[PDB]
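Coordinates in review
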Amino acid sequence: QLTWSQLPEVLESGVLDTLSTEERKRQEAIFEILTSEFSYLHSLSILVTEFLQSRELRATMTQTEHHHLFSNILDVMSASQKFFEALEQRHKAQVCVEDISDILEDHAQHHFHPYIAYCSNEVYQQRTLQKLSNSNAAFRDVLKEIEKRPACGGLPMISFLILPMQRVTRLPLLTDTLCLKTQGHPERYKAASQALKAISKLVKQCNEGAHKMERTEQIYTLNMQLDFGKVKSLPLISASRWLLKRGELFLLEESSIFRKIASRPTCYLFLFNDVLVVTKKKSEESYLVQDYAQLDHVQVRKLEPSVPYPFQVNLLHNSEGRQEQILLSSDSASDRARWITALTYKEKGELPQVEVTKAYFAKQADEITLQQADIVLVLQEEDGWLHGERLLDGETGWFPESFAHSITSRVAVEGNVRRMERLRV
């Protein structure tokens, strides 16, 4: 609750009477990094004490399941503590802290490596929790009882496990504000900038690691599931191929006008960044490929209108070297837009800006996870869904428009745009 200005030691010193307002802000900026860091470190300790070190929870899982669930949280927690400790000594030593940029850069360059591993392991962590919740009875019971305990603060385990990822994404914002407020001293500003570059570099490494691990898992898992026996074999595995969107769609026939809303034939699409694969789902883990085509040679178009939201996918060069047209429909206007936006994947400042109001977690390959106060540029709006590019890292995704509110005041708008340029890769 207390701010640096309200801090008892700062009052007794009475440095307030003679101190530039910008410096008061630099000290509040440094104080925010330390105060935010402690709350996270405390939240990490709850995760370690109530969940990681729960013998009963370990008893419900296997030696291997525990590693995926919790990962190197002990290593990540240890990294956070040493960092807070360095910052704290500076805070205790003097009423007005000279610099913390040296600690910011040093830790990001040499001691923040655990975050990259922890962030990259998210794909496994998520699937491990889901498998445990859906099919492990013993797990569900024990976790609820731990969640009921007062220390968790009636926060669920998942929200603790996502905290390291959230902090590292916000570290550049806190360091940025410092750079803005360190402009007054020339020598310090350069060091503060050194920090943002190192801090922003670390986020890039964590973001890339998450993508490499997640796409590598998807390409191997999908490679087994897609059965290319009937058609000309296509090598799916590649270190470059990733999944744009997957989904079931309704097959449309022009032969019959009188369609039904029951027992409608369907097809399942896997759309990769460079290839579209048309399959028909046999099991939950087998899909029989019917055709495929390079995204260079795929056209998409809305169909003139029941079975609403129809669209036509044209394979100009198909698996057999020929041309084929697929007529599909979806029962969601927003869903059709997401398929067209993906299928046209190959194809500034006047971009409407929105600010996240409620944390949103991505449920699909299209979507982009967003936490509160994240800014997102808006690219397309359809049926209550916004296709947008995250201001912090440039990642683009869909999310419901209900989680954000329009920012119209230019002074804010152009501030975020000028601010995004500073952290732009």
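Thresholds applied
- Residues numbered from 1 in each chain as written, not as in the entry; some residues may be left out.
- Heavy atoms only, no water.
- Residues with missing side-chain atoms left out of burial classes, pairs and counts.
- UniProt positions renumbered as here; feature names shortened; annotations may be inferred.
- Helix = DSSP H or I, 4+ residues; strand = E, 2+ residues; numbered from the N terminus.
- Expected span 1.5 Å × (residues − 1).
- Bend = angle between axes of the 7 residues up to and from the residue.
- Buried < 20%, exposed > 50% of the residue type's maximum accessible area, 1.4 Å probe, protein only.
- Core = buried A, V, L, I, M, F, W, Y, C linked by side-chain atoms within 4.5 Å.
- Contact = heavy atoms within 4.5 Å.
- Pairing = 2+ DSSP bridges.
- Axes fitted to C-alpha atoms, helices over the stretch in contact; angles between N-to-C directions.
- Polar contact = N/O pair within 3.5 Å; in protein donor to acceptor, adjacent residues only side chain to side chain.
- Salt bridge = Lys/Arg side-chain N within 4 Å of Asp/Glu carboxyl O.

- For this coordinate set, the PDB header names X-ray crystallography as the determination method and states a resolution of 3.0000 Å.

- As named in the PDB entry, the chain is Rho guanine nucleotide exchange factor 16, taken from Mus musculus.
- The chain has a UniProt comment under Function that states "Guanyl-nucleotide exchange factor of the RHOG GTPase stimulating the exchange of RHOG-associated GDP for GTP. May play a role in chemotactic cell migration by mediating the activation of RAC1 by EPHA2. May also activate CDC42 (By similarity)."
- Here the chain is described in UniProt, under the heading Subunit, as follows: "Interacts with ELMO2, EPHA2, RAC1 and RHOG; mediates activation of RAC1 by EPHA2. Interacts with TAX1BP3 (via PDZ domain) (By similarity)."

Quick notes on the overall build of the chain
- Per the secondary structure count, the chain includes 14 helices and 13 strands.
- By its C-alpha atoms, the chain is 85 × 55 × 35 Å across when sized along the principal axes.

Regarding helix 11 (residues 163–181)
- For helix 11, which comprises 19 residues, the first-to-last C-alpha distance of 27 Å matches the rise-based estimate of 27 Å (1.5 Å per residue) to within 8%.
- Along helix 11, the largest kink reaches about 30° and is centred on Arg170; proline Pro172 follows within four residues of it.
- Among all positions in helix 11, only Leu163, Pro164, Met165, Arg167, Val168, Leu171, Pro172, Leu174, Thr175, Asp176, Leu178 and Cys179 are buried.

Some points on the nonpolar core
- In terms of nonpolar packing, the biggest core is built from 59 residues, with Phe51, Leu57, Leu69, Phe70, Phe139 and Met157 touching the most fellow members.
- Counting residues per element, this core draws most heavily on helix 2 (residues 21–52), which supplies 13 residues.
- Not counting residues within four places of it along the chain, the set of residues in contact with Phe139 comprises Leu57, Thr60, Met61, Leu69, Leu129, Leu132, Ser133 and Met157.
- In terms of nonpolar packing, the next biggest core, distinct from the first, is built from 20 residues, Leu249, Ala293, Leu328 and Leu343 among them.

What to know about the pairing of strand 5 (residues 287–294)
- For strand 5, the tally of buried residues reaches six of eight residues, placing the bulk of the element in the interior.
- Relative to strand 5, strand 1 (residues 226–227) runs parallel, the two sharing two bridges. Directly across from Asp227, in strand 5, lies its bridge partner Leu288.
- Pairing of strand 4 (residues 275–281) with strand 5 involves seven bridges; the strand directions are antiparallel. Bridging across to strand 5, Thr279 finds its partner in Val289.

A word on the sheet that holds strand 8 (residues 324–329)
- Taking strand neighbours across the sheet as the criterion, the eight strands line up as 1-5-4-3-2-8-7-6 in an open arrangement whose pairing is mixed. Across the chains shown, the open sheet's two edge strands, defined by having one partner strand only, are strand 1 and strand 6 (298–302).
- Its contacts with the sheet put helix 13 (residues 333–343) on strand 2 (243–251), strand 3 (266–272), strand 4, strand 6 and strand 7 (310–315), and the angle it makes with strand 2 is roughly 130°.

Some thoughts on the sheet that holds strand 11 (residues 385–390)
- The five strands lie next to each other as 12-11-10-9-13, forming an open sheet whose pairing is antiparallel. Looking at strand neighbours, the two that pair on one side only are strand 12 (396–400) and strand 13 (404–407), the edges of this open sheet. Geometrically, the sheet is characterised by an average inter-axis angle of 45° between neighbouring strands, direction not taken into account.
- Sheet analysis places strand 11 next to strand 12, joined by five bridges and oriented antiparallel. If you follow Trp385 over to strand 12, its bridge partner there is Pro400.
- Running at roughly 110° to strand 10 (residues 375–382), helix 13 makes contact with strand 10, strand 11 and strand 12 of the sheet.

Quick word on the side chain of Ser330
- Tracing the chain through its elements places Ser330 in the loop between strand 8 and helix 13.
- A polar contact is formed between the side chain of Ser330 and the backbone oxygen of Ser332, at a distance of 2.9 Å.
- Discounting residues that sit within four places of it in the chain, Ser330 has contacts with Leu249, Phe250, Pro308, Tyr309, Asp335 and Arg336.

Concerning the environment of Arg26
- With respect to the element layout, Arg26 can be found in helix 2.
- For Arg26, a relative accessible area of 1% puts it in the buried group.
- In this structure, the C-alpha to C-alpha distance between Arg26 and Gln290, residues 264 residues apart in sequence, is 62 Å.
- Once residues within four sequence positions are removed from consideration, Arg26 is found in contact with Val97, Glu98, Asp99, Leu178, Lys181, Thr182 and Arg188.
- Looking at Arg26, its side chain comes within polar contact range of the main-chain oxygen of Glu98, at 2.8 Å.

Overview of the pattern of salt bridges
- In total, this model carries 16 salt bridges according to the counting rule given.
- Note that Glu32 and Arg170 form a salt bridge whose closest N and O atoms lie 3.9 Å from each other. Within this pair, whereas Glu32 is found in helix 2, its partner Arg170 is found in helix 11, the two being separated by 138 residues in sequence.
- Residue class for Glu32 comes out partly exposed when judged on its relative accessible area of 38%.

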